[PDB]
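Q:
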Amino acid sequence: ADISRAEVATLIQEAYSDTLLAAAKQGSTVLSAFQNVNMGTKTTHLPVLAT
Amino acid sequence: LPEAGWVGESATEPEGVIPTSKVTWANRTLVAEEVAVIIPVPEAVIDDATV
Numbered sequence: 002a003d004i005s006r007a008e009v010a011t012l013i014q015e016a017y018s019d020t021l022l023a024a025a026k027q028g029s030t031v032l033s034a035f036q037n038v039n040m041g042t043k044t045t046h047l048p049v050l051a052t
Numbered sequence: 053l054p055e056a057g058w059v060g061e062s063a064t065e066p067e068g069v070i071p072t073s074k075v076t077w078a079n080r081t082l083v084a085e086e087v088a089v090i091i092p093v094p095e096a097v098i099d100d101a102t103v
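Written out as structure tokens, the structure is:
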């Protein structure tokens, strides 16, 4: 007597959304608060004023 | 090496008979064997070195 939403079964496809993943990730506080200095080697020497 | 002998004349006495002898050969092999080494190093050291 009728066609219910169960009786069509898989003719109705489900769908997917990125929108709860799409948030920007939490970056390092210290990499935005302070200067990032490029390095080419393990050790870099910085002179500082002393008197 | 084969070996000849001085031989008599006789239809009956054993000194009248020509000696039998043989040449022979032997086998020498090249057998290929493997010589090898592994030299591990940090990927950071490969990145920081100037050469």
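Going line by line, the protein sequences match chains G and F.
Be aware that the first sequence starts at 2, since it is given in the deposited numbering, and climbs by one per residue.
Be aware that the second sequence starts at 53, since it is given in the deposited numbering, and climbs by one per residue.
The beta carbon of each residue, even a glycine, is placed where N, CA and C say it ideally should be.
#1: Let's see if you can read the secondary structure: which residues bound the alpha helix (DSSP H) around G/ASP19?
#2: DSSP three-state label for G/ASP3, please.
#3: Please name the residue in F/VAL93, F/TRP77, F/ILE91, F/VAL59 whose C-alpha comes closest to that of F/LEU53.
#4: Could you check whether F/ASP100 and G/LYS43 sit closer than 8 Å to each other, using their CB atoms as the reference points?
#5: Could you give the DSSP three-state label for F/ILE91: helix, strand or coil?
#6: Can you give me the C-alpha to C-alpha distance between G/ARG6 and G/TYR17, rounded to a whole angstrom?
#7: How many Å lie between G/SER29 and F/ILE91 at the Cα?
A: Put simply:
#1: Counting along the chain, G/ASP19 falls outside any alpha helix (DSSP H), and DSSP gives it neither H nor E.
#2: coil
#3: F/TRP77
#4: yes
#5: coil
#6: 20 Å
#7: 37 Å
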